[PDB]
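This document opens with one chain alone, in structure tokens, the form deposited in one PDB entry.
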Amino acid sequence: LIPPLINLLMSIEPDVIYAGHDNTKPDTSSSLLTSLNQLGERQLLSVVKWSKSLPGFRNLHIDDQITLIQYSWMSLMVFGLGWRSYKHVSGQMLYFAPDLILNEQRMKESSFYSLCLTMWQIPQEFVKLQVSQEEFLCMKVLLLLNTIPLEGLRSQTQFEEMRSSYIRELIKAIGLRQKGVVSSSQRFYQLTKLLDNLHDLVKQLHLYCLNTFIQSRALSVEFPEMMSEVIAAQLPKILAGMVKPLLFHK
């Protein structure tokens, strides 16, 4: 059977979110970026709601909660994207939403082809490692907890306890399918290494995002209120390396 905390995590996963994109009109650079931002605003709102039901999280100081959402949002959404593309279209298309799915041909014509390719690494890797939903749900929580300020958080003790709690839960998640100490131990390394590597992938998306933000009026891309808030609140500090990424390995 499934360990209780893992079962809870599945019950609090967000519902399907639509882009609201008008697919009865040809893709333009403007229209895609507008749709992706509208969709992202909605996904981040659902991440915030999610976090209010995530055990441990509401007991961190409110300022730590805000900071962790502001540090981790891009990671959470690209990781979510990865999981949907894996589960719904065998990882061979980018499943942003049910009404916004890019096959490779549509990616090629997007104007951010290589960004699509960067993002496409995750679901291909999911296919490769055959990640289970139980492993995914634990890893996703660890991403939320994967960077802290250089001075630490106000609720550092509680945070350490929460992060350790979810690391122990991933170790239980691995034990469900994988049998053998050797196999389980190596799988713990693989999954935690994947999380480590996401720091580098996310940095590329952060730089693309901030560049597009700066040039938004010339490019005619709308940046929503919360999106603009999180960008202005932490993105340059993050890109500058003025935060502490938490690595599982050397």
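When you see a residue number, it is the position in the sequence shown, counting from 1. In this text, rigid core is short for the largest set of C-alphas that superpose within 1.5 Å between two forms. Only residues modelled in both forms are compared.
Modelling of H21 is complete across the other compared entries in which both of its neighbours are modelled; not even a third of them leave it out. Mean C-alpha B-factor is higher over 100-108 than over the other stretch, the pair under comparison being 72-80 and 100-108. Here the stretch with the larger average CA B-factor, out of 114-122 and 138-146, is 114-122. Listed residues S53, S46, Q215, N37 were ranked by CA B-factor as deposited; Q215 comes out on top. Which of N211, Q204, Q65, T28 has the largest Cα B-factor in the deposited entry comes down to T28. In the PDB entry, a CA B factor belonging to the middle third of its chain's modelled residues is recorded for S228.
Per the PDB record, residue ranking by Cα B-factor puts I238 in the lowest third of the chain. Split the chain's modelled residues into thirds by C-alpha temperature factor. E41 is in the lowest one.
Sort the modelled residues of the chain by CA B factor and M93 lands in the middle third. In the PDB entry, a CA B factor belonging to the middle third of its chain's modelled residues is recorded for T192.
What follows is about the form deposited in another entry, which we do not show.
Here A19 does not count as shifted, since its C-alpha moves by less than 2 Å between this form and the one not shown after the core is aligned. Core-superposed comparison between this form and the one not shown: the Cα of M242 travels less than 2 Å. Once the rigid core is used as the reference frame, the Cα position of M10 differs between this form and the one not shown by less than 2 Å. Annotation: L235/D64 CA-CA distance longer in the other form than in the displayed model, change of at least 3 Å. Between the C-alpha atoms of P149 and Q234, a gap widened by no less than 3 Å is obtained in the other form, as opposed to the form on display. Look at the core-aligned forms between this form and the one not shown and you find runs of 3 or more residues with C-alpha shifts of 2 angstroms or more at 213-217, 227-241.
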